[PDB]
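Visitor: The structure is given below, and queries will be raised subsequently.
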Amino acid sequence: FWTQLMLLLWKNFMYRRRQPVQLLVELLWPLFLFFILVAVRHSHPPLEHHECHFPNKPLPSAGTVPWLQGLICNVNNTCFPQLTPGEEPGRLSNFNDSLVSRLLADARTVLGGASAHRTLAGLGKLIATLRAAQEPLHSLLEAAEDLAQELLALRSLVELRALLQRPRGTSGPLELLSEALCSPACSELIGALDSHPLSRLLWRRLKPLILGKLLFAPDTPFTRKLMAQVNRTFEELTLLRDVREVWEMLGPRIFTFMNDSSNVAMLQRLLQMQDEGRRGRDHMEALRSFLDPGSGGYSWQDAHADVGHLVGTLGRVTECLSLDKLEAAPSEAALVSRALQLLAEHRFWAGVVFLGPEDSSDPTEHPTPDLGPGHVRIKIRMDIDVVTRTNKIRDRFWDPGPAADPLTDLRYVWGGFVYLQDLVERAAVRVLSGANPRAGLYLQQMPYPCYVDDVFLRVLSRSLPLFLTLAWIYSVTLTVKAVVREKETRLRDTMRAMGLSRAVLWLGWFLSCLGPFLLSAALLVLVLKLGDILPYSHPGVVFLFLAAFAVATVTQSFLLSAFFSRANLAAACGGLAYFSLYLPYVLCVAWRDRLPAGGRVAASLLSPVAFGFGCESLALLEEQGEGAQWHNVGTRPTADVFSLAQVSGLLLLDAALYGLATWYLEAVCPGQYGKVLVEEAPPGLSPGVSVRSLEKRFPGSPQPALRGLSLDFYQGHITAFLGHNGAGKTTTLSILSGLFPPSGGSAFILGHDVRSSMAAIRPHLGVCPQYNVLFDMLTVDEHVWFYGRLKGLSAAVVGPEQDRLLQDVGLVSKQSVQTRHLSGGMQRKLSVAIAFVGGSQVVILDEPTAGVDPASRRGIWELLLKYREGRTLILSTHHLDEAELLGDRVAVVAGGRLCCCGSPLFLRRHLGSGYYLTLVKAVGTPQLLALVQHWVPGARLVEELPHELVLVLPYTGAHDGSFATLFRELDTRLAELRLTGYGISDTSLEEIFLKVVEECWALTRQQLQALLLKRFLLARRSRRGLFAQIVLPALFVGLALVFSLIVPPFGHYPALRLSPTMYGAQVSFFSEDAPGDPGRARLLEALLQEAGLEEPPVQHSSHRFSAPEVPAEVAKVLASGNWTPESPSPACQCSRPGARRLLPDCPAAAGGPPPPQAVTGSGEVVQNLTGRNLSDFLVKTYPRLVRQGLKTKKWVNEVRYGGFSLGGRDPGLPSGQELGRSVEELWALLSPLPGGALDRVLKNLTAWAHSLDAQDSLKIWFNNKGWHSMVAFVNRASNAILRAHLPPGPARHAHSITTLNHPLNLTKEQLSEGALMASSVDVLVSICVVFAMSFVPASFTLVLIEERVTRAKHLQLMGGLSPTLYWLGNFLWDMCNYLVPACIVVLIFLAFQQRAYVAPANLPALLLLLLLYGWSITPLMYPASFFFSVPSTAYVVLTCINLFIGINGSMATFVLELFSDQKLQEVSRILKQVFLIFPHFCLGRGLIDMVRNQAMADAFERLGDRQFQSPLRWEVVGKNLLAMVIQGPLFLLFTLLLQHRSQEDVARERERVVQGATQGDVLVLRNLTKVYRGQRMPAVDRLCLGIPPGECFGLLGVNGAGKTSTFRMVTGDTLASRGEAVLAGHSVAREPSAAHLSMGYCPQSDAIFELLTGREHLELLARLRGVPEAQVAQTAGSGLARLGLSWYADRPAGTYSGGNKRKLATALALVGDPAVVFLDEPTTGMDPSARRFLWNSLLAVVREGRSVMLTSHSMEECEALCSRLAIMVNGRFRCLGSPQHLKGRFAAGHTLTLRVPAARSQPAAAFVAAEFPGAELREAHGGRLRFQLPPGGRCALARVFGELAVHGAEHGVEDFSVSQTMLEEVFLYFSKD
Ligand SMILES: *[C@@H]1O[C@H](CO)[C@@H](O[C@@H]2O[C@H](CO)[C@@H](O[C@@H]3O[C@H](CO)[C@@H](O)[C@H](O)[C@@H]3O)[C@H](O)[C@H]2NC(C)=O)[C@H](O)[C@H]1NC(C)=O
Ligand SMILES: *[C@@H]1O[C@H](CO)[C@@H](O[C@@H]2O[C@H](CO)[C@@H](O[C@@H]3O[C@H](CO)[C@@H](O)[C@H](O)[C@@H]3O)[C@H](O)[C@H]2NC(C)=O)[C@H](O)[C@H]1NC(C)=O
Ligand SMILES: *[C@@H]1O[C@H](CO)[C@@H](O[C@@H]2O[C@H](CO)[C@@H](O)[C@H](O)[C@H]2NC(C)=O)[C@H](O)[C@H]1NC(C)=O
Ligand SMILES: *[C@@H]1O[C@H](CO)[C@@H](O[C@@H]2O[C@H](CO)[C@@H](O)[C@H](O)[C@H]2NC(C)=O)[C@H](O)[C@H]1NC(C)=O
Ligand SMILES: *[C@@H]1O[C@H](CO)[C@@H](O)[C@H](O)[C@H]1NC(C)=O
Ligand SMILES: *[C@@H]1O[C@H](CO)[C@@H](O)[C@H](O)[C@H]1NC(C)=O
């Protein structure tokens, strides 16, 4: 068992080693791909980011100073690793380092304690004034001293002063403002801003807010009140001008009172020193503070100058205030127009629409929520370049980031949308409520944990199977091609029938093909591990996975190899079939979430899908910081993924299923590869081979293939078997061997049945089929070694058998060369010798001389002479002339039944015609007849043709005395008879064999009409093929049109409603601080009610919230540590050095116990989170929520989006109440101005001081991944505030605010973008119609190629067919074939009503484009027919090249034209649109331009278009059409020029031809010379021949003689280098058409069409030869009648027998009556009845008066059919004469055979040598003798004849036979030597 196993393994290894190029490329193919992958990975290393925190952001509702402070400081959004002060529950602002806050606090704390001083001063002044109609001075002095001392202890004043006295260097004003915080003057400010890029970008972001223009469409007084309430903040802001002008008016007055009022001031100051002196050092320090004698110090002048400078700076800052940025518009359309006009000068900011519920103008929305007032709806319109897009909510590809980038994602902040929303909401709540609520809103972004960003892992998981499949496609194709090639040549059948079993072959193939896959897998695992692609993973698991996949793919390849039956077809189709199974993985991964878990296992049946699922599981497990390892082989990383063990099990199950399916399907072909006149009494009775009434019945044929055969064979005799094809000979051979079991009868061989003995009869059996059994890569030595080893011979003595056989076959010199496919013809003798290696007693041969050269034929025959002893041999060969030489006994079968059998002596050849007496001439028939009758009455006259006379001598009464007297008289008369020659031949076995077989301008118009009919019939006969190759390509795109519009077309962004409920179920916060206030409780209750919670009764409300239970281990961990509700969580690990993780993972004890929660009616979850950080909790608990959606990473649904914290008051001491008291005391008492110039200012200062309480605040935590969370939560907060402030009642339910979002429709550049720069559906349609239409043009070359490889085209050309007409007809038929799919696709476009292809202006463009596309694309495929030799591979290559060039050119030019950045891309595409040439690229450009222009017309016709945009314009599609139509005929011209690129008797006949030419002689040859290139010797050199037309000429020769060269030169196949060959007086060189018009050519090649029938060919030829239409039918009838064809009339010519092909070729040649008919090898292995019809037809045609020249190997026919023969060797004639003279001249002597029952040589040889002087002998055997009498005997043969008549009495002789020098005497001479 093992022996054949490793023999097969060694044979496969020998195959593999002999093709180094394939092995090297197979090894090196995936290495480059994985090197590319490794380089790609090396390009982008992973990134790491630490834990991140963000600062707070205020809003204008909170205040003015904090809002601007935030706007200025938090421009940059720097991430903070530590905690920020704003997130703690207590603090709100984080700007104590800010100078402004310190200044405000200092001012408040100083003015708080100064009330007593100012009040005392005021009351003193008033009492002094009242008494007008010293102690107050002292009190005022002390108060001023105290205030001066207090203001001295204020550093912030010192820093601000030091800031003021500085030059104007550095950068500009805003940098100084930022340092202090964190109109030509305006023109200079803008210039300074543009001076520095930082200030440049700051001003770019800030300017639209400053210089905007707010608008509102409705103009009712309600909206006017709303707008006034809106800009109340702007009204308050523009107050600095009032104080500026107040200072500007007051300063001059006090200044005038300051200087030149010096005497008076000195007077009071001198008065006030002695006031304190006589009542200390504190006073003069106060005096120095006043600086009354101020020269060294600086108080007054500098204070005045600095106050003026600061006021001027503030005025300059406020100079460019917008002042009035609020306008109104009457209508929405007018609003849009005015907004666009403002956008023209960069003035527009945002438009507001107060859409009312009563208006009912709501697209896709309810007109109103309910009847009655109290509902307000607001739209905000802004430029699309600012507001975020409004088409999708969540990102389509999850990223592991916090999404904090102010330029890209944070658009609502620097666009000002939130500011306007907050202002409008505050105005609306103020107007609706009727009160003045206060709530400072703050925005806080939730923190994000430390993470690692790596884009490579997801694409790796999505792309690894693709790389593996493209890596192993080559190996799959090679394996399937090798298997199919082996199974095609039936060698597997020989191995199975010769002793092997199916299991051994399958295991050998498996273990042969499992090597390279495992080697590649090992190399890939090594490069993956060492390439850092999959780090931290143990290689063993990956290697096992890859090995399982390799096993699955190799068994899948074996399964795939069970469909095809052609080598190259299988090689081409296997790769496509295997790659086509990978798409379902892509389809599944696209719809990953949709598919249920039930279908996953079902889809995993295909190997690539299972591998992809395993790969994604491996990648997901890799991302968790630990690759594949033994720790977690059987653990599922996620709830809905597969562990690797399940994947491996599924792979092995699939492999087993595929193997079993292949084993079952191997039986799809059962078996198919897709009269008693006898004698049994030999002298040696050795029944070695015997069959007794065998029976078998094939399923296809109801009649049994072979009937009962009771004949038995005998050892020691070379028995011969004769029969017809399909007459049971093949069935008998199959049954005798092990191919099929014996169905009936007995087949006992050597006493044991073949079926009973099984393998025990193999050691002594010999089978040699007609098909060769050889291996191309091996050589003869290992061939015989392998065969001897497999047959069971011991390897010890295999060497002697090997060398003995190789020396016996005479291949000693040719075995050391070690070449198999480098030799031809010789291999037959080696193949037949292989059957003799085992020394089997019984050997079977089937056609051992099928096509071998005669010069070696005797060779193999000699081998049979070497093994004619001690062995039984049974040969079954169709021919007869070889059978007689080796025939000890002969058996005959006919119709699956034995007819006769016996021995070739008279016991079998019972024929009346005994001997044939031939008389030749160089006189008179009556005289010869009278002489013959006188000598012997017995004589028959059968032949009387001129120059010969054949008589028949009856066998009965063969009295040799009378014949001897007759021939002696002839010897005494032949001298004067002028005959000078005669002969007596015996009965040829052919005639007796047959007898016993039946004993038991209009011309070319009709030519092209015929060609069109032929093409139409050929196309129509393949019904399924034509439908498949026409209907399918059109309907593919036809049905793909409707399904290609998945991608939505671009359009206006829809109006979106903003609300938290639009996301779904989620988790929110309502954390609260300082609950000691009824208003805060009311606000919290309003928030709870708005969240969707119902107020329960108090008894149930007591337990309205429930705390989830804590696990025991978590509680134990918390208790073990020291954890408080505020204290930090236990811990949480991070990314270790090297061991990176996507997200931190730490135990559930982190974050504390689960907080109490409740569930609302809408599925929302609310959580009560007071008493914590509320920050560390979020950081710890974030990844747990997201981990669920991490499996697919496509549309991740987070739970936490936002939350509220009710921060109340602010820890600090502003004490603004006493500030208001001081301000009102100053206003009422000091300087009461009735005009209000100061009174209104003091009023607003009092209002600000009293409003400084800031009763409460509210912080909103938002998650930025949700795109519209910010505005939704702001709206919810505003609605909750209004609900809280509203009184209880029904109106609470009926009052609400709705905020929407609706960007302005479009501008021009957005049109340019969204009209064509997407074009996804249009591009897909264009490329799809590019691919689908490309298959048709390559389909036409199949027919041309298959006619070119066959000699059918050549046979057609030897008619009257000109190449021009042929090519034109092919082109026209291709037009007719192509016309249908174009109509189908155009009707499809009409059916789907595509807008771009339905208008009256664009339809002709498409029609002409498609039609002319086909017209100009068909001729390009024609030139490819010549080079290629295989149809399917040529079709595949042409289709691939067409698709490649088309898609590459089109997509390259497309991607170049869009996304243009630099002028270099502009020029190149222009050239890429000028080079043209390719019709594929032309069609692509035309269609894509059509669709682009239609799209731009559709976009522009919505607006004012004013452009015709004609599709038919010259510069649009016209140039392509013109260029391609004018180049169309160029391909036809080039291909036609490529096709037409080609531009002693021997001596006496030579002299006769040289001296002149005969007019009657049709064939005249002069200087016949053919010189071969590179062979150093011409094939034929200087011959000549003159063939008369009234007789039939025959030419003969050995291989290499050059006869085929002569035939091809006469035909015209070979270029006529030199020589004259003229037929019928018409020269081939002068006019080849005239020579070929009347030539009837019949080659050995079966140039036939499978679909076409014989009668179709005959009718086609007849109508090509000018036969009238009516006479064509009768000509076809006569042509079939002269060959029969009654049973084959309707059958196609392809499905005929072997001889029927040649007979129909002869019929085709003879039809039309050509001047000369040439036949090359017309009789090669057919039934003798076909030969009978053939010689009948040829005698008829030669009698008709036409010349026929025939050349073949069997010349006996020519002896029996023609009257002139010529032998030629190596281009030199040898005989060239009349056939009888040829035998008389060179064939020389005569031979004699004797058959003696005693089988003793001497008694016969004595008088045989006595009769003639010669003593030549050959093959001296008892069965048959051969004696060569002296050649050229002058006397008659009668000298023996009568003598023989006596010697029958001397010795017992069975019979004597004489061979009187026939034509095959040359073959006898060759056999002898
Ligand atoms: C809320 O939880 C946070 C922790 O999530 C508490 O703040 C943390 O306080 C510790 C104690 O100082 C900080 O540890 C420090 O780490 C630095 C790192 O270099 C180290 O140099 C110091 O010696 C110290 O060990 C920790 O950084 C800090 N957390 C953050 C994010 O900065 C906070 O106290 C909790 N709130 C409470 C208790 O009210
Ligand atoms: C931006 O898009 C809006 C919305 O499509 C455009 O408003 C639309 O303008 C057209 C005028 O070109 C209006 O068509 C009119 O319809 C009435 C019937 O309601 C008909 O009687 C008129 O004869 C005219 O056909 C259309 O109603 C109006 N609205 C919609 C929803 O289509 C707007 O014009 C676009 N921007 C610009 C600058 O055009
Ligand atoms: C707020 O809006 C109102 C009306 O829309 C403005 O009232 C007028 O504003 C212009 C220029 O701003 C003044 O010239 C008029 O005298 C104002 N008339 C009245 C009756 O007030 C108001 O000015 C706007 N507020 C601001 C700061 O511009
Ligand atoms: C606050 O200052 C304003 C001046 O800017 C005082 O006068 C008001 O001015 C606006 C327009 O600027 C008018 O529409 C109002 O009618 C004016 N009077 C009032 C009472 O608002 C305003 O009086 C000052 N505030 C207080 C409380 O006196
Ligand atoms: C903004 O922050 C980035 C990143 O830290 C820094 O490089 C840049 O200088 C900052 N720019 C400004 C204007 O603050
Ligand atoms: C004030 O008056 C004095 C008187 O000599 C004069 O010199 C001075 O220029 C005036 N202005 C100021 C600002 O001192």
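Our numbering is plain: 1 for the first residue shown, then up by one each step along the chain.
Per deposition record, electron microscopy, 3.9 Å.
Cβ atoms here come from the backbone N, Cα and C positions, even for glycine.
Annotations for this protein, taken from Swiss-Prot, read as follows:
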type	residues	note
BINDING	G1597, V1598, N1599, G1600, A1601, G1602, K1603, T1604	ATP 2 binding site
DISULFID	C73-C182	disulfide bond
DISULFID	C1132-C1146	disulfide bond
CARBOHYD	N231	N-linked glycosylation site
TRANSMEM	464-484	transmembrane segment
TRANSMEM	507-527	transmembrane segment
TRANSMEM	569-589	transmembrane segment
TRANSMEM	601-621	transmembrane segment
TRANSMEM	641-661	transmembrane segment
TRANSMEM	731-751	transmembrane segment
TRANSMEM	1030-1050	transmembrane segment
TRANSMEM	1325-1345	transmembrane segment
TRANSMEM	1371-1391	transmembrane segment
TRANSMEM	1408-1428	transmembrane segment
TRANSMEM	1470-1490	transmembrane segment
TRANSMEM	1516-1536	transmembrane segment
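Situate these features within the shown structure.
Guide: Other Cβ atoms within 10 Å of the Cβ of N1599 (ATP 2 binding site), summed over all protein chains shown, number 14.
Around the Cβ of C73 (disulfide bond), the same chain contributes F95, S178, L181, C182, each under 8 angstroms and 6 or more positions distant in sequence.
Under DSSP, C1132 (disulfide bond) is assigned to coil, being neither helix nor strand in the three-state scheme. Using a 10 Å radius centred on the Cβ of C1132 (disulfide bond) and all shown protein chains, the other Cβ atoms total 19.
Close to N231 (N-linked glycosylation site) in the fold, though at least 6 residues off in sequence, lie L214, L326, each with a CB less than 8 Å from its CB.
Outside the transmembrane segment (507-527) by six or more residues, the chain places 5, 8-9, 12-13, 16, 26-27, 30-31, 34, 38, 468, 471-472, 475, 479, 483, 539, 542-543, 546-547, 549-551, 553-555, 557-558 with a CB less than 8 A from a CB of the stretch.
Under 8 Å from some Cβ of the transmembrane segment (601-621) lie the Cβ atoms of residues 457-458, 460-462, 464-465, 468-469, 534, 542, 545, 549, 552-553, 556, 581-582, 584-585, 588-589, 595, 627-628, 632, 637-638, 641-644, 647-648, 650-651, 654, 657, 1191, all in the same chain and six or more residues away from its ends.
Nonlocal intrachain contacts for the transmembrane segment (641-661), taken as residues 6+ away from its ends with a CB within less than 8 angstroms of a stretch CB, comprise 541, 544-545, 548-549, 551-552, 555-556, 558-559, 600-601, 604-607, 610-611, 613-614, 616-618, 620, 628, 633-635, 1191.
Same-chain residues lying 6 or more positions outside the transmembrane segment (1030-1050) and placing a CB less than 8 Å from one of its CB atoms are 1314-1315, 1318, 1320-1321, 1324-1325, 1328-1329, 1332-1333, 1335-1336, 1377, 1380-1381, 1384-1385, 1388-1389, 1392, 1394.
Long-range Cβ contacts of the transmembrane segment (1325-1345) within its own chain (Cβ-Cβ under 8 Å, at least 6 residues beyond either end) map to 1018, 1029-1030, 1033-1034, 1036-1037, 1040-1041, 1044, 1370, 1374, 1377-1378, 1381, 1385, 1410, 1413-1414, 1417-1418, 1420-1422, 1424-1425, 1428, 1430-1431, 1434-1435, 1438-1439, 1442-1443, 1446-1447, 1450-1451, 1480, 1483-1484, 1487-1488, 1491.
Here the transmembrane segment (1371-1391) has Cβ contacts under 8 Å with residues 1012, 1015-1016, 1019, 1030-1031, 1033-1035, 1037-1038, 1041, 1329, 1333, 1336-1337, 1340, 1397-1398, 1406-1407, 1410-1411, 1414-1415, 1418-1419, 1532 of the same chain, all six or more residues outside its ends.
Counting residues 6+ beyond its ends, the transmembrane segment (1408-1428) has Cβ neighbours under 8 Å at 1333, 1336-1338, 1340-1341, 1344-1345, 1348, 1367, 1370-1371, 1374-1375, 1378-1379, 1382, 1385-1386, 1434, 1437-1438, 1479-1480, 1482-1483, 1486-1487, 1517, 1521, 1524-1525, 1527-1529, 1531-1532, 1534-1535, 1538-1539 in the same chain.
Same-chain neighbours of the transmembrane segment (1470-1490): 1322-1323, 1326-1327, 1329-1330, 1333-1334, 1396-1397, 1402, 1405-1406, 1409, 1413, 1416-1417, 1420, 1442, 1445-1446, 1449-1450, 1452-1454, 1456, 1511, 1516-1517, 1519-1521, 1523-1524, 1527, counting only residues six or more beyond its ends whose CB sits under 8 Å from a CB of the stretch.
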Visitor: Rounded to a whole angstrom, what is the C-alpha distance between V1598 (ATP 2 binding site) and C1146 (disulfide bond)?
Guide: 93
Visitor: Which of the listed binding-site residues (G1597, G1600, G1602) has the least company, meaning the fewest other Cβ atoms within 10 Å of its Cβ?
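Guide: With the binding-site residues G1597, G1600, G1602, fewest surrounding Cβ atoms within 10 Å: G1600.
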Visitor: How many Å lie between the Cα of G1602 (ATP 2 binding site) and the Cα of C1146 (disulfide bond)?
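Guide: It is 92 Å, counting Cα to Cα.
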Visitor: Measure from the CA atom of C1146 (disulfide bond) to the CA atom of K1603 (ATP 2 binding site) and give the result in Å, rounded to a whole number.
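Guide: Between the Cα atoms of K1603 (ATP 2 binding site) and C1146 (disulfide bond), the distance comes to 94 Å.
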Visitor: How about long-range neighbours of the transmembrane segment (464-484): same chain, 6 or more residues beyond its ends, C-beta under 8 Å?
Guide: 15, 22, 25-26, 29-30, 33-34, 37, 509, 513, 516-517, 520, 524, 549, 553-554, 557-558, 560-561, 564-568, 570-571, 574-575, 578-579, 582, 585, 608, 611-612, 615, 619
Visitor: For ATP 2, what surrounds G1597, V1598, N1599, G1600, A1601, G1602, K1603, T1604 with a Cβ no more than 8 Å from their Cβ centroid?
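Guide: Filtered neighbour residues, in order: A1579, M1768, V1769, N1770.
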Visitor: Quick check on the gap: how many Å separate the Cα of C1000 from the Cα of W1001, given the 63 unmodelled residues in between?
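Guide: Across the 63-residue gap, Cα separation reads 59 Å.
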Visitor: Given that 32 residues are missing from the model between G674 and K675, what is the Cα-Cα distance between those two, in Å?
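Guide: In this entry the gap's Cα endpoints measure 37 Å apart.
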Visitor: Unmodelled stretch of 38 residues from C182 to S183; how many angstrom between the C-alpha atoms?
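Guide: Taking the Cα of each end residue, the distance is 28 Å.
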Visitor: Report, as numbers and ranges, which residues of the same chain sit near the transmembrane segment (569-589): CB under 8 Å and 6 or more residues beyond its ends.
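Guide: Contacts of the transmembrane segment (569-589) (Cβ under 8 Å, skipping residues fewer than 6 from its ends): 462, 465-466, 469, 473, 476-477, 480-481, 484, 553, 556-557, 560-561, 563, 595, 603, 606-609, 612, 616, 1432-1433, 1436.
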Visitor: When the Cβ positions of the recorded positions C182, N231, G1602, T1604 are compared with the atoms of ligand 3, which fall under 6 Å?
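Guide: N231, by Cβ distance under 6 Å.
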Visitor: In which DSSP state, out of helix, strand and coil, do we find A1601 (ATP 2 binding site)?
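Guide: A1601 (ATP 2 binding site) sits in coil per DSSP, no helix or strand.
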Visitor: Where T1604 (ATP 2 binding site) and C1132 (disulfide bond) are concerned, what is their Cα separation in Å, rounded?
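Guide: A Cα-Cα distance of 93 Å.
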Visitor: Calculate the distance in Å between the alpha carbons (Cα) of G1597 (ATP 2 binding site) and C1132 (disulfide bond), and round it to a whole number.
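Guide: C1132 (disulfide bond) has its Cα 99 Å from the Cα of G1597 (ATP 2 binding site).
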